[PDB]
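*Asks:* Chains as they are written, first to last, in PDB author numbering: chain A, 7 to 88, 94 to 314; chain B, 7 to 88, 94 to 314. Every residue gets a Cβ at the ideal spot worked out from N, C-alpha and C, and that includes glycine. First the structure, which I've put down as structure tokens, then a few questions once you've had a look.
Number of protein chains: 2
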Amino acid sequence: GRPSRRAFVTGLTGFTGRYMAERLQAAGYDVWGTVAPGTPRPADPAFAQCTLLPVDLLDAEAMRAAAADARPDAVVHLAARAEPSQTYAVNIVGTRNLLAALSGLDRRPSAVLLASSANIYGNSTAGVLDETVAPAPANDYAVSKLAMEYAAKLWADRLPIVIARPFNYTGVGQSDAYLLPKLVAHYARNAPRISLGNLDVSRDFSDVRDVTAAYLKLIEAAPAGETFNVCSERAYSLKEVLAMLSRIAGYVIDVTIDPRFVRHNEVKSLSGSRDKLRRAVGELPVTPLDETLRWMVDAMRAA
Amino acid sequence: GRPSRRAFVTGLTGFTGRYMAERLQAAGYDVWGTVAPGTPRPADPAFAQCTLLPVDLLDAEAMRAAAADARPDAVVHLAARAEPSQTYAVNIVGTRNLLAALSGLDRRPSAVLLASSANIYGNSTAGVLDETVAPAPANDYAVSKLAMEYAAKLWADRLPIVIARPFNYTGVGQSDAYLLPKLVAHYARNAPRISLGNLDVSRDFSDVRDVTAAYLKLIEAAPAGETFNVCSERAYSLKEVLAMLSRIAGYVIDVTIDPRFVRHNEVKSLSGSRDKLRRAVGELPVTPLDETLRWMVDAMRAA
Numbered sequence: 007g008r009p010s011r012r013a014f015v016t017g018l019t020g021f022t023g024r025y026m027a028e029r030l031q032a033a034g035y036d037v038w039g040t041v042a043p044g045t046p047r048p049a050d051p052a053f054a055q056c057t058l059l060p061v062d063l064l065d066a067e068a069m070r071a072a073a074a075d076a077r078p079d080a081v082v083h084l085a086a087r088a094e095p096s097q098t099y100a101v102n103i104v105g106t107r108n109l110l111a112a113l114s115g116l117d118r119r120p121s122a123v124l125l126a127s128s129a130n131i132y133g134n135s136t137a138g139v140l141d142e143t144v145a146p147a148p149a150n151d152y153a154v155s156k157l158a159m160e161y162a163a164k165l166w167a168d169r170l171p172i173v174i175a176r177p178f179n180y181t182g183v184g185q186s187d188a189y190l191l192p193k194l195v196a197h198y199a200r201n202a203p204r205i206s207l208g209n210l211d212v213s214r215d216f217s218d219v220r221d222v223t224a225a226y227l228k229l230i231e232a233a234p235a236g237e238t239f240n241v242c243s244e245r246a247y248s249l250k251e252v253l254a255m256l257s258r259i260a261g262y263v264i265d266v267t268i269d270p271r272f273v274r275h276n277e278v279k280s281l282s283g284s285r286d287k288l289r290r291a292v293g294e295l296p297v298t299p300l301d302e303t304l305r306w307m308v309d310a311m312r313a314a
Numbered sequence: 007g008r009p010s011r012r013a014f015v016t017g018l019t020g021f022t023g024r025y026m027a028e029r030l031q032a033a034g035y036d037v038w039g040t041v042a043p044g045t046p047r048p049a050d051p052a053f054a055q056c057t058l059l060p061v062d063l064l065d066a067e068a069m070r071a072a073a074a075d076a077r078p079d080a081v082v083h084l085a086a087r088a094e095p096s097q098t099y100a101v102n103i104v105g106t107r108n109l110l111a112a113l114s115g116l117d118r119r120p121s122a123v124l125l126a127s128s129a130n131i132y133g134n135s136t137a138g139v140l141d142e143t144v145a146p147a148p149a150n151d152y153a154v155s156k157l158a159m160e161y162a163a164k165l166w167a168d169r170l171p172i173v174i175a176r177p178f179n180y181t182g183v184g185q186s187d188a189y190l191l192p193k194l195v196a197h198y199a200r201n202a203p204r205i206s207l208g209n210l211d212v213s214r215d216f217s218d219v220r221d222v223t224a225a226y227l228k229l230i231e232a233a234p235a236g237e238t239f240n241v242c243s244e245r246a247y248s249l250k251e252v253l254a255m256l257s258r259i260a261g262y263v264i265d266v267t268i269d270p271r272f273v274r275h276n277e278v279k280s281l282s283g284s285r286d287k288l289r290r291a292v293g294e295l296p297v298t299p300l301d302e303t304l305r306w307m308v309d310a311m312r313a314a
């Protein structure tokens, strides 16, 4: 029947949440999660066996009641924003509301995984970043994620808290507000041209399926008090990505360099080390980016 | 006549602001500053030549209008809060509103000094803390001060921003909600007994006048992008402070150790290094604490 062991995922119906749900369900959890009040129900079949609770993160009391009902053994906090003020409120106080709700439970969860971001490192010149690299967040969103980490550690005496710092990741279902889905969308409809920044800037990209598999491993190991990069450890330039898509689509898209996308001080190469993660949970398969991209192109064309 | 060179001080009428006003006026500035809307006017004669603008920091537009009118050369940001949500909003977004206001001016200030706090270091075991010590803020207030620092650095390309991390400081006029003023109040009225926490915990205390002298030198040197401890570099236990006051008042107060006020995990000794400040701006007054305490005891008795 319906599994007794429960997971609770904030932002469950977002891009990452859809994949987190499948990972948790396959690991045997009954997956519960939050959705925004007054937004339309999700149509995706991935959520057919999920219990969806309408909760605003800034609604501390509704969060407390949702948690007490859900009674999770595992928590994955994915819900975030991105007005600067709402970004700080949702990412710091919304997270605090979640932790307060869990801390007040009769039975506290065995693992609470918070999704931070590798954006907290900012524009580091260190080439390959591990978790000891000094933060230098370069926008309010990145600052709010870093602040979330510090705010969350205040609850370490009450909850087993694991922090993930994912590098860039993508996959089927991510909006074209992000760069790789934008590229995929253009190639999928055989667009003649696109406008981009510098093509010689290399960054670390992962498949969302790999990222959520890592998240699950962090849940299972529950290393309370520890922060982990989640990344592929491979850096690709936009030129390499374009070349992959050209091979997939069978043509070369024409590129215009827009100054609006060109950052003068941008470091040429920046990637992550997942060595700390590897030592904690062991080796994890890395899906090749060209497989990820083909997956996305195929999904776009099949739509 | 009224000086052409202007300073703008948020929280001008608080404890630190009163001393900062006097310091700036003595350096030849026309002192402007903010007060809370709808609060009674200040009675203190120290504010007689100050221009007081009623501004809520969360009111971005009122802050913009206040700054365009004040047109400061020098800015000191002292205003802060301490509900956690308001603490994060005021200290992060309130500060951001100030910075946005200054950045939009035709003539930007030549120095923007932000008062952070040494509480961002938390309960560090490092004994003597310099600016390279990793932060470990231990409550939401301290987290909000650290987040403020990071949010402010986003404006570094537009404004010359100096961050101060004052350690504990006190002086005439500080409320008895703070520890040393509480001690002074008791000794001043020859109170027979008092109830306190652990007496063997040593901390760094400064004279507010020493702190503002440092704030002014930071303004004058304007080391943009740099953070500075402001501290005495001597740590006194509560037993040593009591002994100083016993000597001043001529009797020994009886102390009761209340477990309610005793924090078990507090580090035995913690103080700051101001070596970075000293190397940047040169010699500064460091007043003996017993002189500070006598100053305060005398003020209480003259009342």
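Tell me where the beta strand (DSSP E) around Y152(A) begins and ends.
*Replies:* Working through the first sequence from its first residue, we reach residue 152(A) at position 141. Element bounds for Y152(A): not the beta strand (DSSP E) but the alpha helix (DSSP H), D151 to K164.
*Asks:* Starting from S121(B) and walking both ways along the beta strand (DSSP E), at which residues does that stretch end?
*Replies:* By 1-based counting over the second sequence, the position of residue 121(B) is 110. Here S121(B) belongs to no beta strand (DSSP E), and DSSP marks it neither H nor E.
*Asks:* Between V123(B) and chain A, is there a C-beta pair that is closer than 9 angstroms?
*Replies:* If you number the second sequence from 1, residue 123(B) lands on position 112. Chain A contact via Cβ: absent.
*Asks:* Note down, in chain order, each residue of its chain lying with its Cβ closer than 8 angstroms to the Cβ of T98(A), except the 5 sequence neighbours on either side.
*Replies:* Locating residue 98(A) in the first sequence gives position 87, where the first residue counts as 1. The residues are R87, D151, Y152 and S155.
*Asks:* Give the interface partners of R312(B) over in chain A, defined as CB-CB distance under 9 angstroms, in chain order.
*Replies:* Numbered from 1 along the second sequence, position 301 holds the residue referred to as residue 312(B). Within 9 angstroms Cβ-Cβ: nothing; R312(B) doesn't reach chain A, min ~41 angstroms.
*Asks:* Give me the Cα-Cα distance between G138(B) and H83(B), rounded to the nearest whole angstrom.
*Replies:* Locating residue 138(B) in the second sequence gives position 127, where the first residue counts as 1. Locating residue 83(B) in the second sequence gives position 77, where the first residue counts as 1. Cα-Cα distance, rounded: 29 angstroms.
*Asks:* With a threshold of 8 angstroms on Cβ separation, who are the neighbours of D50(A) within its own chain once the five nearest residues in sequence on each side are excluded?
*Replies:* In the first sequence, the residue the question calls residue 50(A) occupies position 44. Cβ within range, chain order: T19 and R24.
*Asks:* Count the C-beta pairs between the stretch 208-215 of chain A and the stretch 255-270 of chain A that are closer than 8 angstroms, then say yes if the count reaches three, no if not.
*Replies:* Short answer: they touch.
*Asks:* Can you give the Cα-Cα distance for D301(A) and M255(A), rounded to whole angstroms?
*Replies:* If you number the first sequence from 1, residue 301(A) lands on position 290. If you number the first sequence from 1, residue 255(A) lands on position 244. Each residue's Cα considered, the two are about 6 angstroms apart.
*Asks:* Measuring alpha carbon to alpha carbon, tell me which of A313(A), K228(A), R305(A) and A260(A) ends up nearest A291(A).
*Replies:* Numbered from its first residue, the first sequence carries residue 291(A) at position 280. Measuring from the Cα of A291(A), the nearest candidate turns out to be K228(A).
*Asks:* With DSSP collapsed to three states, give me the class of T19(B).
*Replies:* Working through the second sequence from its first residue, we reach residue 19(B) at position 13. Correct three-state label for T19(B): coil.
*Asks:* Here's a check: name, in chain order, each residue in its chain whose Cβ is nearer than 7 angstroms to the Cβ of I103(A), leaving out the five neighbours to either side.
*Replies:* As a position in the first sequence, residue 103(A) is number 92, starting the count at 1. Contacts found: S155, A158, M159 and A162.
*Asks:* Return the residues of the stretch 98-115 of chain A that lie within a Cβ-Cβ distance of less than 8 angstroms from chain B, sorted by chain order.
*Replies:* Answer set for the stretch 98-115 of chain A: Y99, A100, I103, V104 and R107.
*Asks:* Do you know how far the Cα of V263(B) is from the Cα of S186(B)?
*Replies:* The residue you call residue 186(B) lines up with position 175 of the second sequence. The residue you call residue 263(B) lines up with position 252 of the second sequence. If I take the Cα positions, the gap works out to 23 angstroms.
*Asks:* Helix, strand or coil, according to DSSP, for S96(A) in the structure here?
*Replies:* Reading the first sequence from its first residue, position 85 is the one you call residue 96(A). Looking at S96(A) - three-state DSSP - the assignment turns out to be helix.
*Asks:* Within the 9 angstroms Cβ cut-off, does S96(B) reach chain A?
*Replies:* Position 85 of the second sequence, counted from the start, is the residue given in the question as residue 96(B). Output row for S96(B): interface = yes.
*Asks:* For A162(A), go through chain B and note every residue whose CB falls closer than 7 angstroms to its CB, in chain order.
*Replies:* For the purposes of this step, residue 162(A) is taken as residue 151 along the first sequence, with counting starting at 1. Correct list: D151 and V154.
*Asks:* Could you name the residues of chain B that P148(A) contacts, counting a contact when the two beta carbons are closer than 9 angstroms?
*Replies:* If you number the first sequence from 1, residue 148(A) lands on position 137. Here the neighbours are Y161, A162, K164 and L165.
*Asks:* Using only alpha-carbon positions, find the residue among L253(B), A235(B) and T223(B) that is nearest to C242(B).
*Replies:* Looking up residue 242(B) in the second sequence gives position 231. The candidate whose alpha carbon is nearest that of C242(B) is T223(B).
*Asks:* Using C-beta distances below 6 angstroms, list every residue in its chain close to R29(B), excluding the 5 sequence neighbours before and after it, in chain order.
*Replies:* In the second sequence, residue 29(B) corresponds to position 23, counting from 1. Counting only Cβ-Cβ distances below 6 angstroms, and skipping sequence neighbours, we find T223 and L227.
*Asks:* Using the C-alpha atoms, what's the distance from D65(B) back to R8(A)?
*Replies:* Here the question's residue 8(A) lines up with position 2 in the first sequence. Here the question's residue 65(B) lines up with position 59 in the second sequence. Computed Cα separation, rounded: 51 angstroms.
*Asks:* DSSP state of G105(A), grouped into three classes?
*Replies:* Residue mapping note: residue 105(A) aligns to position 94 of the first sequence, counting from 1. Three-state DSSP puts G105(A) in a helix.
*Asks:* Going by DSSP, what residue range makes up the alpha helix (DSSP H) through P177(B)?
*Replies:* Within the second sequence, numbered from 1, the residue matching residue 177(B) stands at position 166. Here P177(B) belongs to no alpha helix (DSSP H); instead the beta strand (DSSP E) covers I172 to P177.
*Asks:* How many Å lie between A188(B) and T143(A) at the Cα?
*Replies:* The count along the second sequence starts at 1 and reaches residue 188(B) at position 177. The count along the first sequence starts at 1 and reaches residue 143(A) at position 132. Roughly 38 angstroms between the two C-alpha positions.
*Asks:* How big is the Cα-Cα spacing for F14(A) and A235(A)?
*Replies:* Reading the first sequence from its first residue, position 8 is the one you call residue 14(A). Reading the first sequence from its first residue, position 224 is the one you call residue 235(A). If I take the Cα positions, the gap works out to 18 angstroms.
*Asks:* For chain B, check one thing: does any of its Cβ atoms lie closer than 9 angstroms to the Cβ of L140(A)?
*Replies:* In the first sequence, the residue the question calls residue 140(A) occupies position 129. No - not a single Cβ of chain B is within 9 angstroms of the one on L140(A).
*Asks:* Can you tell me the Cβ-Cβ gap for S213(A) and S248(A), rounded? I've got them flagged as a contact below 8 angstroms.
*Replies:* Stepping through the first sequence from its first residue, residue 213(A) is reached at position 202. Stepping through the first sequence from its first residue, residue 248(A) is reached at position 237. Rounded, the Cβ-Cβ distance is 5 angstroms, consistent with contact.
*Asks:* For chain A, check one thing: does any of its Cβ atoms lie closer than 9 angstroms to the Cβ of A158(B)?
*Replies:* Numbered from 1 along the second sequence, position 147 holds the residue referred to as residue 158(B). With 9 angstroms as the cut-off, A158(B) counts as an interface residue toward chain A.
*Asks:* Taking just the CA atoms, how far does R12(A) sit from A68(A)?
*Replies:* Reading the first sequence from its first residue, position 62 is the one you call residue 68(A). Reading the first sequence from its first residue, position 6 is the one you call residue 12(A). Going by the C-alpha atoms only, they are around 19 angstroms apart.
*Asks:* Where DSSP assigns a beta bridge to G138(A), which residues make up the other side?
*Replies:* Walking along the first sequence from the start, residue 138(A) turns up at place 127. Bridge partners of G138(A): none, in fact.
*Asks:* Would you give the residue range spanned by the alpha helix (DSSP H) that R70(B) belongs to?
*Replies:* Taking the second sequence and counting its residues from 1, the one referred to as residue 70(B) is at position 64. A66 to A76 is the extent of the alpha helix (DSSP H) around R70(B).
*Asks:* Are the CB atoms of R245(B) and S282(B) nearer to each other than 9 angstroms?
*Replies:* For the purposes of this step, residue 245(B) is taken as residue 234 along the second sequence, with counting starting at 1. For the purposes of this step, residue 282(B) is taken as residue 271 along the second sequence, with counting starting at 1. Going by C-beta atoms, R245(B) is nearer than 9 angstroms to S282(B).
*Asks:* If we ignore side chains and look at the alpha-carbon of each, how far apart do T181(B) and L165(A) end up?
*Replies:* In the second sequence, counting from the first residue as 1, residue 181(B) sits at position 170. In the first sequence, counting from the first residue as 1, residue 165(A) sits at position 154. Going by the C-alpha atoms only, they are around 27 angstroms apart.
*Asks:* When burial is assigned at 16 or more other CB atoms within 10 Å of the CB, is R107(A) buried or exposed?
*Replies:* Within the first sequence, numbered from 1, the residue matching residue 107(A) stands at position 96. Classification for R107(A): buried.
*Asks:* According to the neighbour-count rule (16 or more other Cβ atoms, all chains shown, within 10 Å of its Cβ), is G17(B) buried or exposed?
*Replies:* The residue given as residue 17(B) occupies position 11 in the second sequence. Buried, by the Cβ-count rule.
*Asks:* Using a threshold of 9 angstroms, state whether the C-beta atoms of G133(A) and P148(A) are closer than that.
*Replies:* Taking the first residue of the first sequence as position 1, residue 133(A) is located at position 122. Taking the first residue of the first sequence as position 1, residue 148(A) is located at position 137. Their beta carbons are under 9 angstroms apart, which means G133(A) touches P148(A) by this criterion.
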